[PDB]
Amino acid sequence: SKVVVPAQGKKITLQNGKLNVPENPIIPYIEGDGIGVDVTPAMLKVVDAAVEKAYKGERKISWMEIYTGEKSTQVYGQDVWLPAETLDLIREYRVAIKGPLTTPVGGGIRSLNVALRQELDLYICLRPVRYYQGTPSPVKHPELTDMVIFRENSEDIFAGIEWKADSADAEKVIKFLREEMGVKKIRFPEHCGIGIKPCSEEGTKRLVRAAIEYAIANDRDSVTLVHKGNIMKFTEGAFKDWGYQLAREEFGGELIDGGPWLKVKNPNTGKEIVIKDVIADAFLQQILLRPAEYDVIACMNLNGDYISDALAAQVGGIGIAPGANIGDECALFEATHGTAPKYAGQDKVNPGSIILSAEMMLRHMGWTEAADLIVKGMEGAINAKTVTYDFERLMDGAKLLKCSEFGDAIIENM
């Protein structure tokens, strides 16, 4: 079983919290299915470029291609979707990036995107949403949005703990719930599917710990812990409580008058981070209406997904939203959208998303220089309204660049 590791580079090492990043590291990349094949090459080009421009030849990346999804079955024999070589390599190599993956209906396989995340314990799904100036938006003021969404990745209904309607198993479960648990509340027990939803002190606390720290480090204004927690009192309602607990405990939360909101004092800055909560259904409105009062946000798995895609449409770029799956031993950055099964190979989709994800990646390695070079190029291209189809078609005379040509525009604006 083999992936040709490049003879040109050196592994990144995690020397106790410190990510030791060499000058020529091996960073693995999973290509993708559909436009993964378009998108990815645009990414490598702009990344390699940002690296040349910034460090004037000193540093560079030995990209190692790994396999997952469609390609895995082709390379490893169709029956293999997520081989382990891939799981080790991400762990071992420390930082990895990926294009879009598809999960095959038919053979009882759960979401490949979620399989990677759960398996590698990448419990922090980091999703930042902000308005690049000149991006055609459906809302009046897309510029008021600049949020950093911290979504729990290892729990919630998203785990995959469910028994099919009428299976002997679901059947056994209902017998348990009613017979033993006293659940006189499942409305129609016959042919009823059951899903399970967990929330631990551990899972929520480790997530919030991460979120507040991001706030302190980047001097953010607040941390909003969202939860549909007045109905789900012991899962979501406990998300809120443990989060507040943590802010008080580990960070020194002072009460803002009669509660429940806290105050965390930013050591490095003197400013005080407001720790507050907002119920999920009411939050979905608050973000269209008073979006300038939210900054960093902590969520469970389900709401995090919903809030990311909701916030990403208002600021236009559903096609340019970046994402990171972060855990303790490694990290996996990714493209947050499909490949569009009709567009593959046509060199037509917006390659923004994967590009910003590499931007996030490059920043995480400590190459802050190549990072803002990429983001500046991005704004350059967009502002010059010489953009890709998805944007071009809502713009008053934008030049229509293809995927690759767009990557180029980014290099031209660095």
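Sequential numbering from 1, following the sequence displayed.
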Compare the mean C-alpha B-factor of 164 to 172 with that of 210 to 218 as given in the PDB entry, and name the stretch with the higher value.
-> 164 to 172
Do the CA atoms of 251 to 259 or those of 288 to 296 have the higher mean B-factor in the entry?
-> 251 to 259
Largest Cα B-factor, entry values, listed residues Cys330, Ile231, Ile157, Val80 | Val80
Return the residue from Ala280, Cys199, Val114, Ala344 that has the highest Cα B-factor in the entry.
-> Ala344
Against its chain's modelled residues, does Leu101's Cα B factor rank lowest, middle or highest third?
-> middle
C-alpha B factor of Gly338, ranked within the chain: lowest, middle or highest third?
-> lowest
Among all modelled residues of this chain, ranked by Cα B factor, put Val226 in the bottom, middle or top third, i.e. lowest, middle or highest.
-> lowest
Record-listed C-alpha B factor of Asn268: chain third | highest
Lowest, middle or highest third of the chain for the C-alpha temperature factor of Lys276?
-> lowest
